């Protein structure tokens, strides 16, 4: 995986001198490595809920092991993790939402619709709920709500939910693709820019990982973890996600928005990492 919009992350996070940075979604360690290379005196507390990517990050960040520490914990519990480390506040907070390319291409958890894999989609394999259980057992009306809300399928959510039910029991990513294909007319599939199953897969993933609920709850209080002048930078890839960030930054009384308009990748930043496409970066400062 290649770090998305690393230049803008560094620009807004302002890692310098001996700042302490909380990387809420360390993943394979891409952004963290860039920060450590850019700032020799900084310290990073990196967290993720996926132990498999933390293994990757620990090896990738080897050369900086004395200045970065990794932990398996949800950012919703970052406040107490910091306390157990003797840290009350940090100078920077970074969040890169979504899925790591390794999670997409190498974990065999069915995050992707491109190859046949089990319907798992858990970022934390220790959690109980799987995409398979959700798809095979949730009431049809709830599936419709999820696809409409998290998938943003504003016209076909009910029909996609109906096809999922008609295709039960589902077992692989290809079974889900089949359900979505049967729900969308040929002209609609062709009309779309991204693969037609993209939104439905996203909706199930977000539900399984409580991605929007976690983000909303964390961002409400994130400001309390920042030292004066501290920076919080978030990269979203979902309109509903970006809206939550935008709104949270706006409604905060302790944060001064630094990006009225979302910072987007340059056509070139897109090449250096096609994952950057759909990426919207927002930043704010503790005042």
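Positions refer to the first chain, counted from 1.
With 229-237 and 255-263 compared on mean CA B-factor from the PDB entry, the stretch scoring higher is 255-263. Taking the mean C-alpha B-factor of each stretch as recorded, 164-172 and 110-118 are not equal, and the higher mean is that of 110-118. Note on 133, 72, 155, 194: the highest value goes to 194, judged by CA B factor as recorded. Within the listed group 13, 270, 24, 20, the record reports its top CA B-factor for 270. Residue-level temperature factors show residue 243 in the highest third of its chain, judged at the C-alpha atom. Looking at the C-alpha B-factors along this chain, the one for residue 139 belongs to the lowest third.
For residue 98, the recorded CA B-factor ranks within the highest third of the chain. Only modelled residues enter the ranking. Residue 159: CA B factor lies in the lowest third for its chain, per the PDB record.
Remark: residue 55 belongs to the lowest third of its chain, ranked by C-alpha B-factor as recorded.
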